[PDB]
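Given next are the chains, with one letter for each unit.
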Amino acid sequence: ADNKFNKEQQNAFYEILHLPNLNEXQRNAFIXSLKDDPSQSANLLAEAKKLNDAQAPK
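Residues numbered from 1 in each chain as written, not as in the entry; some residues may be left out. Heavy atoms only, no water. Residues with missing side-chain atoms left out of burial classes, pairs and counts.

J.: Would you take a moment to explain the nonpolar core for this structure?
T.: Considering soluble globular proteins, one finds that nonpolar side chains tend to be buried as a cluster. Listed in full, the eleven residues of the largest apolar core are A12, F13, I16, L19, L22, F30, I31, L34, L44, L45 and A48. Of all the secondary structure elements, the ones that give two or more residues to this core are α1 (7-17) and α4 (41-55). (Core = buried A, V, L, I, M, F, W, Y, C linked by side-chain atoms within 4.5 Å. Buried < 20%, exposed > 50% of the residue type's maximum accessible area, 1.4 Å probe, protein only. Helix = DSSP H or I, 4+ residues; strand = E, 2+ residues; numbered from the N terminus.)

J.: When you look at the pattern of salt bridges in this model, what are you seeing that I'm missing?
T.: Note that side chains of opposite charge can pair when their charged atoms are close. Under the counting rule described, the total for this entry stands at two salt bridges. Close ionic contact of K49 with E15 constitutes a salt bridge, the shortest N to O distance being 2.7 Å. Within this pair, whereas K49 is found in helix α4, its partner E15 is found in helix α1, the two being separated by 34 residues in sequence. We classify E15 as partly exposed; its relative accessible area is 21%. Among the ionic pairs, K58 bridges to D53, the shortest N-O distance being 2.7 Å. (Salt bridge = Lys/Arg side-chain N within 4 Å of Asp/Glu carboxyl O.)

Laid out in structure tokens, this is it:
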């Protein structure tokens, strides 16, 4: 375990960036979480996408 950020974690990073409605504060809490704890990638994606969806004008 030399690297801390696997491809999955980077994928999560890009997926969170892939969220345009996510407030830039929230995007960068999620990507704070991803980048102290590169483990809850799926959790952070779930929350970030739900919050992105919430902030997304329907």
